[PDB]
There are 4 protein chains.
Amino acid sequence: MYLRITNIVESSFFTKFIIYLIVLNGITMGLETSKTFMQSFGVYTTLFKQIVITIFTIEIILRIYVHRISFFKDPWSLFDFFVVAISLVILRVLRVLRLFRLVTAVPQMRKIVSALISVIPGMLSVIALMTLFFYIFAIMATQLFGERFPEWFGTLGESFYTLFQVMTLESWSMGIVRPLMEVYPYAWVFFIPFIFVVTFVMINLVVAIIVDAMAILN
Amino acid sequence: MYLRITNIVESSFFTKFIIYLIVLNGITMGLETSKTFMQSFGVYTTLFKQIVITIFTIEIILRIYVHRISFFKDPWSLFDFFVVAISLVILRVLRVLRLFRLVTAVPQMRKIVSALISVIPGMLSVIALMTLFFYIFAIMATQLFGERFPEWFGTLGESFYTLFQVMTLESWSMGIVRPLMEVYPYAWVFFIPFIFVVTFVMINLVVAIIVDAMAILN
Amino acid sequence: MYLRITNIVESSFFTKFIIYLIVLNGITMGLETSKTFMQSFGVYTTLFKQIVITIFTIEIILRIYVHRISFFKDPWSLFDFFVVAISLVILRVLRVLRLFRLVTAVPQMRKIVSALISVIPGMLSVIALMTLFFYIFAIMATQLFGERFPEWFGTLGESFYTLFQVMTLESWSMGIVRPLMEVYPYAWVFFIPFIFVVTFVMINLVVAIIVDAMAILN
Amino acid sequence: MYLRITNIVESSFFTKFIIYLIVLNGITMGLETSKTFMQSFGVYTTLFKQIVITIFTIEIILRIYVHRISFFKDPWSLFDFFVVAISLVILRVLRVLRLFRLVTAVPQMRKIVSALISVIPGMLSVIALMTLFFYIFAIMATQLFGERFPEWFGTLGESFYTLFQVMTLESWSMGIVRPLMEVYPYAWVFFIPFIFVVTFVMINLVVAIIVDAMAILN
Ligand SMILES: CCCCCCCCCCCCCC(=O)OC[C@H](COP(=O)(O)OCC[N+](C)(C)C)OC(=O)CCCCCCCCCCCCC
Ligand SMILES: CCCCCCCCCCCCCC(=O)OC[C@H](COP(=O)(O)OCC[N+](C)(C)C)OC(=O)CCCCCCCCCCCCC
Ligand SMILES: CCCCCCCCCCCCCC(=O)OC[C@H](COP(=O)(O)OCC[N+](C)(C)C)OC(=O)CCCCCCCCCCCCC
Ligand SMILES: CCCCCCCCCCCCCC(=O)OC[C@H](COP(=O)(O)OCC[N+](C)(C)C)OC(=O)CCCCCCCCCCCCC
Ligand SMILES: CCCCCCCCCCCCCC(=O)OC[C@H](COP(=O)(O)OCC[N+](C)(C)C)OC(=O)CCCCCCCCCCCCC
Ligand SMILES: CCCCCCCCCCCCCC(=O)OC[C@H](COP(=O)(O)OCC[N+](C)(C)C)OC(=O)CCCCCCCCCCCCC
Ligand SMILES: CCCCCCCCCCCCCC(=O)OC[C@H](COP(=O)(O)OCC[N+](C)(C)C)OC(=O)CCCCCCCCCCCCC
Ligand SMILES: CCCCCCCCCCCCCC(=O)OC[C@H](COP(=O)(O)OCC[N+](C)(C)C)OC(=O)CCCCCCCCCCCCC
Ligand SMILES: CCCCCCCCCCCCO[C@@H]1O[C@H](CO)[C@@H](O[C@H]2O[C@H](CO)[C@@H](O)[C@H](O)[C@H]2O)[C@H](O)[C@H]1O
Ligand SMILES: CCCCCCCCCCCCO[C@@H]1O[C@H](CO)[C@@H](O[C@H]2O[C@H](CO)[C@@H](O)[C@H](O)[C@H]2O)[C@H](O)[C@H]1O
Ligand SMILES: [Ca+2]
């Protein structure tokens, strides 16, 4: 019977049925953002969501019965477990994460996702350096401009936020630095080098990725 | 006579004449955006456009007489057919699409266009993942901020639009997220990871393209 | 004497002296943007500029005496000729172009400039396609939104300008498309595909450059 | 004893202790940006910072005793020396730079930092050209628009700042060039080519980096 349960679990139709259920329920959560739709079919849609979640729970149970410890050493299975647990109870909205199951159920999506994920270890150094950079400048900015510009630099977290904004170049001058220089005429001395460093590091992060990809092909 | 009609259709001067006609008519549609020009020569320009379209129709007819089914299995010919059909009747403006005939008539333009087009199949996976990502976050954003920010997140389509805007980094913070945090102090928890994921995926989309190009050269 | 004049013209000290003169005169044009500096030394600076230009003219004359037709088949010499001619008379400001002589006089600068220039022929196709794209969309935009939005789409040139702005993503939505959709609710149908095409083409332009560079190295 | 002092200085535990001290003191400078934290523990935190700096001084002294001239021919040691000297006395805030010691103390951080630094010599040409470009256009912009737009082009430094802003595409049109064209209708003639050149040069700077990286791998 154990072998029968695993033959049922590992069959192409079992997973195809899962995928079809995921697609239907994604359509449902789309329709659910509509207020008038919920006035007509809110009952039936809530019902459909309840039955979908119980199905996914019973199926996770069966998949655990098939692989005892293998389930919890598997990043994809750990992900499916954790999203269905989240949904089993901000949390109301967080239920929508169960749609990322399409990634773990469809092999094409797994292929591309783990490709992306495997790019990450090679960036671990340049991230740390940039974090340190951000951290240091955040401190400086909070001390240089927090008292007079409390909403952008008044705390370390505000300074982090604004520095991130400056790095994306989003209104860095007309919205942050020119207003500063009305009070601190030499604030560009802080922000131009920052932008320079931040851009140069970003560029190298990208070039590194490219070369590492080439290295695994050649 | 069939062979005579195909010798006429496939000649360098037939296509050169088509190209010259396309260029003249593009000049005409440029001049047509001018109101005072239309006050002096509007009649003659409308006349010229009418005769151009009948010529392109008669020539599509001849090209069909030359290739029976080959015409409709050919992406370039399918394109020429569909644009001249559009123009044969928002539709008034859509007539201007007939200028993309310069691409299908000039071989250099075909070369570069199909180069671009052939880059696309290799991106098909990363597009799907990003779409799913957008779709999920659109739902969440609509539930988190639709009621209080109806013009940016009130519907799924509005949320898609604003999320796309955030991905291009166009006023993401001074125009969207800081206004949000005046009400939802922790909205950055939603948008920073979003930007992070969206940027990282874009970068990999680009690096993939680069390596695939290298793979077809080496 | 001809050989003596060419030995004088082609000597390392002749060009070193030119380079030193260029640097001094660039310093001068920097100091000249200052109004109070011009109140104290405006006379001497104008004098210095006059003598610099006569020197460059006499030296172009000598260089012509050395190479009769070679001078006018040489892109660098053609450039030096044309800038000194511009300065020999908006034109007041255009005199400042003579500082690009540092590029033609210093070999390192020539190396890098012609590297950049030689990247250009390989882009000639993708530029033409994008131009055609811009031209077509400019026409459409002028017809779709010129009457109601005269300052951004009222003419073909205005539409070109605004489309270029949208391509750089500079306020594309908060400043152009959301204001449009207050009147034309479906204007995103025009602008999102535009951005998509424009970005994709830009990306391929860049990837092409990269691969072409690799092709000349391998 | 000299050999004993160098055995103490070069030991893994000496550097591990330095690294732990750096991390603790970074935590401290983070906590120090908080005003209420300083009301409760400001005394103890200032005390901790004092003892940290004396420790780093005594340790730099020992490291000098170990390597006489080697210390001052070493870029990392020169950096540690210069930051601790800065902190030994705007300067109040500049003390925070001592956190970049984590880079010089951790080998992973040294690896990635010198990787970045070694990318730089290959860019030295394209930087100079771009600087010259900026300098020339700064002069022109100051003469074309300084009198009427004193806050953006009134001086050479203001023009540099605004040109840099335009290069990052940060409000280049809605904030700079459209306001200009209300007065100088043809100002786009200046700024579009500028953007074009500036973008093209940036792209080549990046492509160069990529190919140079490939050249050192193949
Ligand atoms: C895939 C491999 C790993 C990739 C992971 C990337 C790691 C990112 C590092 C983030 C480090 C955490 C920074 C941090 O402590 O943030 C704290 C702040 C606190 O927010 P808060 O003070 O509440 O915000 C102000 C809100 N307001 C106006 C309503 C008062 O919250 C914020 O302000 C958010 C700040 C975002 C800054 C992001 C820093 C990025 C550093 C470089 C990232 C990598 C670049 C390649
Ligand atoms: C390598 C660098 C890693 C960087 C990781 C950063 C992660 C932690 C950063 C978190 C930033 C949060 C900033 C923030 O929220 O500011 C608020 C607090 C205190 O502000 P304050 O308003 O005084 O609190 C009183 C409460 N109130 C509102 C009722 C008056 O302000 C604070 O409490 C700030 C506390 C800072 C903790 C520092 C963590 C440092 C990690 C180790 C770094 C080592 C680098 C060498
Ligand atoms: C060449 C290979 C294939 C490439 C194809 C790329 C595929 C793009 C996926 C788009 C999926 C469709 C999204 C969608 O359903 O859009 C619906 C909304 C409805 O508009 P609507 O609700 O009328 O807009 C609000 C207007 N207002 C203010 C007047 C009320 O209309 C919008 O808001 C437009 C939303 C645009 C979002 C674009 C999503 C991009 C996903 C990632 C794209 C690939 C990145 C590499
Ligand atoms: C993998 C993901 C693919 C994503 C493709 C997305 C393409 C479809 C998205 C279209 C978004 C359109 C949003 C929109 O226009 O909102 C309006 C409607 C209903 O709003 P509402 O205002 O209640 O309608 C009443 C009419 N009124 C104005 C007179 C009161 O709101 C709706 O009707 C929204 C309907 C959502 C349809 C969902 C399509 C899902 C495709 C399958 C996704 C599977 C993922 C696992
Ligand atoms: C190195 C190899 C060659 C590279 C060369 C690049 C070629 C660029 C193509 C430009 C084609 C010319 C477009 C054109 O006709 O522009 C006319 C307009 C007329 O200006 P106007 O109507 O006076 O402007 C409105 C001013 N206002 C508010 C005071 C009334 O003036 C403008 O609005 C300027 C429009 C700029 C549009 C740029 C079009 C770029 C197409 C794609 C470029 C290549 C991308 C890779
Ligand atoms: C492949 C495509 C290449 C694209 C190259 C584009 C270069 C030419 C575009 C120039 C755009 C200039 C737009 C412009 O300034 O608009 C003003 C004029 C007439 O406007 P309007 O206000 O009626 O003039 C009356 C004067 N006024 C103010 C006292 C009332 O409006 C015009 O006169 C527009 C004239 C359009 C000339 C079209 C040139 C087309 C080149 C061939 C394209 C073939 C493509 C198949
Ligand atoms: C790693 C290898 C080496 C990399 C080093 C990069 C070299 C950067 C070159 C910078 C050259 C110096 C330019 C300069 O003289 O700046 C002077 C201005 C004077 O500021 P000031 O007149 O006080 O600013 C106006 C402030 N206000 C409103 C309160 C009155 O201050 C500014 O406005 C700052 C201007 C920033 C312009 C940056 C120029 C970048 C050129 C291209 C950079 C390389 C691109 C790849
Ligand atoms: C290859 C190019 C390298 C570029 C490196 C640029 C580094 C130097 C640029 C510094 C820009 C500073 C601009 C600036 O602050 O403007 C103020 C001054 C004088 O303005 P002004 O307001 O008249 O001064 C009177 C004082 N006040 C306020 C009480 C009335 O305005 C000035 O004093 C400007 C002085 C310009 C010095 C030019 C340095 C040129 C380096 C050599 C370039 C050779 C290129 C061929
Ligand atoms: C793959 C990675 C996935 C990343 C997923 C990230 C999801 C994280 C969502 C963060 C959401 C933040 O948005 C959060 O919305 C809720 C909605 O009740 C607000 O909650 C509350 O806000 C204020 C509190 O006085 C009131 O208006 C109200 O009582 C309530 O709405 C939070 O204050 C806001 O900050
Ligand atoms: C390597 C490539 C180099 C590219 C170089 C590009 C340089 C081109 C410079 C374009 C300058 C445009 O800037 C131009 O400035 C002059 C200054 O008198 C203005 O000229 C005039 O404007 C109006 C006209 O009623 C009045 O204020 C005044 O009579 C006068 O100033 C132009 O209207 C403006 O459009
Ligand atoms: Ca912007």
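Using the structure shown, decide if residue C:49 is basic (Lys, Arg), over 30 Å from residue C:193 (Cβ atoms), in a helix (DSSP H, G or I) and facing another protein chain (nearest Cβ under 10 Å).
Details: basic (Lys, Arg): yes; over 30 Å from residue C:193 (Cβ atoms): yes; in a helix (DSSP H, G or I): yes; facing another protein chain (nearest Cβ under 10 Å): no.
So residue C:49 fails the test.
Scan the range A:76-122 for residues that are within 24 Å of residue A:208 (Cα to Cα) and outside any helix (DSSP H, G or I) and jot them down.
A:120
Within the range D:148-163, is there a residue that is within 19 Å of the chain's Cα centre (by Cα), more than 30 Å from residue D:22 (Cα to Cα), among the aromatic types (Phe, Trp, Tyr) and within 7 Å of another protein chain (Cβ to nearest Cβ)?
Yes, the conditions are met somewhere in the range D:148-163.
Could you check the range A:64-98 and list, in sequence order, the residues that are within 18 Å of residue A:20 (Cβ to Cβ) and either of a type in the set (D, E, K, R) or over 25 Å from the mean Cα position of the chain (by Cα) (or both)?
A:80, A:98
Out of the range D:7-41, which residues are surrounded by fewer than 15 Cβ atoms within 10 Å (Cβ to Cβ) and within 24 Å of residue A:153 (Cα to Cα)?
D:23, D:24, D:27, D:31, D:35, D:36, D:37, D:38, D:39, D:40
Looking at B:199, B:168, which one is more than 8 Å from ligand 3 (Cβ to nearest atom), surrounded by fewer than 19 Cβ atoms within 10 Å (Cβ to Cβ) and under 22 Å from the mean Cα position of the chain (by Cα)?
On the way: B:199 fails: under 22 Å from the mean Cα position of the chain (by Cα).
Answer to the selection: B:168.
Given the criteria of a type in the set (A, V, I, L, M), within 15 Å of residue A:174 (Cα to Cα) and away from ligand 8 (no atom under 11 Å from the Cβ), does residue D:176 qualify?
Values: of a type in the set (A, V, I, L, M): yes; within 15 Å of residue A:174 (Cα to Cα): yes; away from ligand 8 (no atom under 11 Å from the Cβ): yes.
So residue D:176 passes the test.
Take the range C:176-196 and flag every residue that is surrounded by fewer than 16 Cβ atoms within 10 Å (Cβ to Cβ) and under 33 Å from the mean Cα position of the chain (by Cα).
Within the range C:176-196, C:193, C:196 qualify.
Pick from the range D:71-116 the residues that are of a type in the set (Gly, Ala, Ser) and farther than 29 Å from residue D:216 by Cβ: which of them is nearest to the other protein chains (Cβ to nearest Cβ)?
Initial filter on the range D:71-116 (of a type in the set (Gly, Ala, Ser)): D:77, D:85, D:87, D:105, D:114-115.
Restricting the remaining residues to those that are farther than 29 Å from residue D:216 by Cβ gives D:85, D:87.
Details: D:85: 18, D:87: 13 Å.
My answer is D:87.
Scanning for something more than 22 Å from residue C:194 (Cβ to Cβ), in contact with a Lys or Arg (Cβ under 9 Å, 6 or more places away or on another chain) and β-branched (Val, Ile, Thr), does the range B:183-199 turn up at least one residue?
Yes: one or more hits.
Only one of (1) within 9 Å of another protein chain (Cβ to nearest Cβ); (2) within 25 Å of the chain's Cα centre (by Cα); (3) closer than 30 Å to residue A:151 by Cβ fails for residue B:209. Which number is that?
Among (1) within 9 Å of another protein chain (Cβ to nearest Cβ); (2) within 25 Å of the chain's Cα centre (by Cα); (3) closer than 30 Å to residue A:151 by Cβ, residue B:209 violates only (3).
Here are C:183, C:177, C:189: which of them is more than 30 Å from residue D:210 (Cα to Cα), within 16 Å of ligand 11 (Cβ to nearest atom) and either more than 8 Å from chain B (Cβ to nearest Cβ) or acidic (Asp, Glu) (or both)? It would help to see each step written out before you state the result.
Numbers: C:183 fails: within 16 Å of ligand 11 (Cβ to nearest atom); C:189 fails: within 16 Å of ligand 11 (Cβ to nearest atom).
Testing whether each residue is more than 30 Å from residue D:210 (Cα to Cα), within 16 Å of ligand 11 (Cβ to nearest atom) and either more than 8 Å from chain B (Cβ to nearest Cβ) or acidic (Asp, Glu) (or both) leaves just C:177.
Tell me whether the range D:138-153 contains one or more residues that are farther than 20 Å from residue A:189 by Cα and among the polar types (S, T, N, Q). Break it down stepwise before answering.
Here is the first cut: in the range D:138-153, the ones farther than 20 Å from residue A:189 by Cα are D:139-150.
Narrowing the set further to residues that are among the polar types (S, T, N, Q) leaves D:142-143.
Yes.
Please pick out the residue among B:153, B:133, B:137 that is touching an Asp or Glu at 6+ places or on another chain (Cβ under 9 Å) and within 12 Å of ligand 9 (Cβ to nearest atom). Give the steps one after another, and end with the answer.
Values: B:133 fails: touching an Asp or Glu at 6+ places or on another chain (Cβ under 9 Å); B:137 fails: touching an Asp or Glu at 6+ places or on another chain (Cβ under 9 Å).
Exactly one residue qualifies, and that residue is B:153.
Identify, please: which residue in the range B:105-161 is among the charged types (D, E, K, R), assigned by CATH to the domain that holds residue B:203 and more than 8 Å from ligand 3 (Cβ to nearest atom) and is, among those, nearest to residue B:172 (Cα to Cα)?
We begin by selecting, within the range B:105-161, every residue among the charged types (D, E, K, R); these are B:110-111, B:147-148, B:151, B:158.
Next, only the ones that are assigned by CATH to the domain that holds residue B:203 stay: B:147-148, B:151, B:158.
Retained after the next criterion (residues that are more than 8 Å from ligand 3 (Cβ to nearest atom)): B:147-148.
On the way: B:147: 20, B:148: 18 Å.
My answer is B:148.
Would you check which residues across the range A:131-171 are of a type in the set (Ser, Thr, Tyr), near ligand 1 (Cβ under 8 Å from one of its atoms) and over 18 Å from residue A:193 (Cβ atoms) and list them?
Selection gives A:155, A:161.
Is there any pair with a first residue in the range C:49-78 that is small (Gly, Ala, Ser) and a second that is buried (at least 16 other Cβ atoms within 10 Å of the Cβ) whose Cβ atoms are under 9 Å apart and which are 6 or more apart or on different chains, and what are they?
From residues that are small (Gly, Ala, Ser), the pairs are C:70/C:77; C:77/C:60; C:77/C:63; C:77/C:71; C:77/C:104.
Using the structure shown, decide if residue D:60 is in a helix (DSSP H, G or I), away from ligand 9 (no atom under 16 Å from the Cβ) and under 30 Å from residue A:153 (Cα atoms). Break it down into steps so the answer makes sense when it comes.
Details: in a helix (DSSP H, G or I): yes; away from ligand 9 (no atom under 16 Å from the Cβ): yes; under 30 Å from residue A:153 (Cα atoms): no.
Taking the combined requirement at face value, the residue does not satisfy it.
Within the range B:187-194, is there a residue that is within 14 Å of ligand 3 (Cβ to nearest atom), more than 24 Å from residue C:187 (Cβ to Cβ) and out of contact with any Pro (no Cβ under 7 Å at 6 or more places or on another chain)?
Kept after step one, since they are within 14 Å of ligand 3 (Cβ to nearest atom), are these residues of the range B:187-194: B:194.
Subsequent filtering for residues that are more than 24 Å from residue C:187 (Cβ to Cβ) retains B:194.
Those still in the list that are out of contact with any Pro (no Cβ under 7 Å at 6 or more places or on another chain) too: B:194.
Yes, the range B:187-194 has at least one match.
Note that we place each Cβ from the backbone using ideal geometry, even for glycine, and neighbour counts take in every protein chain shown. Basis: the model, the stated rules and, where named, an outside source; no laboratory instrument gave them.
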